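What follows is a set of notes on a single structure, which appears directly below.
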Amino acid sequence: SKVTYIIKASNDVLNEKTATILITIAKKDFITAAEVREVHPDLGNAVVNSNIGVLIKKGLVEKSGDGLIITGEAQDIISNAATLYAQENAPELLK
């Protein structure tokens with residue numbers, strides 16, 4: 001997971017943890033907190049919940065009923081980030 005690009009496009013508001021949780025939510029619309037927790041065994045279950053909350057208080061994620069979905073702000077960081085990465089790895093990606 002390419003969190004350095006994310007932390008970069010976020011002007012360093014994001015750390016390695018809030019960045020990795022952001023990608024998971026970005027990747028699956030209406031994903032739940034319980035599934036975000038399961039794909040990050042590395043992290044504490046209450047750590048994931050905290051950092052999801054830190055992402056809602058920043059205007060990057062919002063809750064839709066039971067599910068989690070990323071804001072337009074968040075998708076600017078994601079598209080910036082992936083374009084950065086893609087250009088630094090282009091000949092490796094394009095084969």
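Ordering of the structure tokens sets the chain letters (A, B, ...), residue numbers begin anew at 1 in every chain, and ligands are numbered from 1 in the order given.
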- Name all residues at most 12 Å from residue 70 in chain A (count only C-alpha atoms; drop same-chain ones fewer than 5 positions away) and give them as a ChimeraX atom specification. /A:21-31,52,55-56,58-64,75-78
- Task: If you run DSSP over the backbone, which residues in chain A end up alpha helix (DSSP H)? Put them as a PyMOL selection string.
- Result: chain A and resi 3-9+16-27+33-38+45-56+72-88+90-93
- Task: From a DSSP pass on the backbone, collect the residues of chain A flagged as strand (DSSP E) and hand them back as a PyMOL selection string.
- Result: chain A and resi 61-64+67-70
Write out, as a short mmCIF file (atom, residue, chain, number, x, y, z; two decimals), in the first residue's frame, the residues just selected, with N, CA, C and O atoms.
```cif
data_model
loop_
_atom_site.label_atom_id
_atom_site.label_comp_id
_atom_site.auth_asym_id
_atom_site.auth_seq_id
_atom_site.Cartn_x
_atom_site.Cartn_y
_atom_site.Cartn_z
N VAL A 61 -13.72 11.29 4.90
CA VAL A 61 -14.76 10.24 4.87
C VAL A 61 -16.03 10.70 5.56
O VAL A 61 -15.98 11.47 6.51
N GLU A 62 -17.16 10.19 5.10
CA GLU A 62 -18.45 10.39 5.78
C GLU A 62 -19.18 9.04 5.84
O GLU A 62 -19.02 8.18 4.97
N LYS A 63 -20.02 8.88 6.85
CA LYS A 63 -20.82 7.66 6.95
C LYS A 63 -22.15 7.76 6.19
O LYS A 63 -22.87 8.77 6.28
N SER A 64 -22.46 6.74 5.41
CA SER A 64 -23.78 6.59 4.80
C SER A 64 -24.52 5.42 5.43
O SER A 64 -24.33 4.26 5.04
N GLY A 67 -22.41 2.32 6.21
CA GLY A 67 -21.25 2.21 5.35
C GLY A 67 -20.40 3.45 5.31
O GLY A 67 -20.85 4.54 5.67
N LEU A 68 -19.17 3.29 4.82
CA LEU A 68 -18.20 4.38 4.75
C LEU A 68 -17.87 4.73 3.31
O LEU A 68 -17.81 3.86 2.45
N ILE A 69 -17.81 6.02 3.03
CA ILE A 69 -17.62 6.49 1.67
C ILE A 69 -16.78 7.78 1.69
O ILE A 69 -16.84 8.55 2.66
N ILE A 70 -15.94 7.95 0.67
CA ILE A 70 -14.98 9.05 0.66
C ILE A 70 -15.55 10.30 0.01
O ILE A 70 -16.30 10.23 -0.98
#
```
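Pairwise distance (CA of residue 66 in chain A, CA of residue 32 in chain A) equals 6.5 Å.
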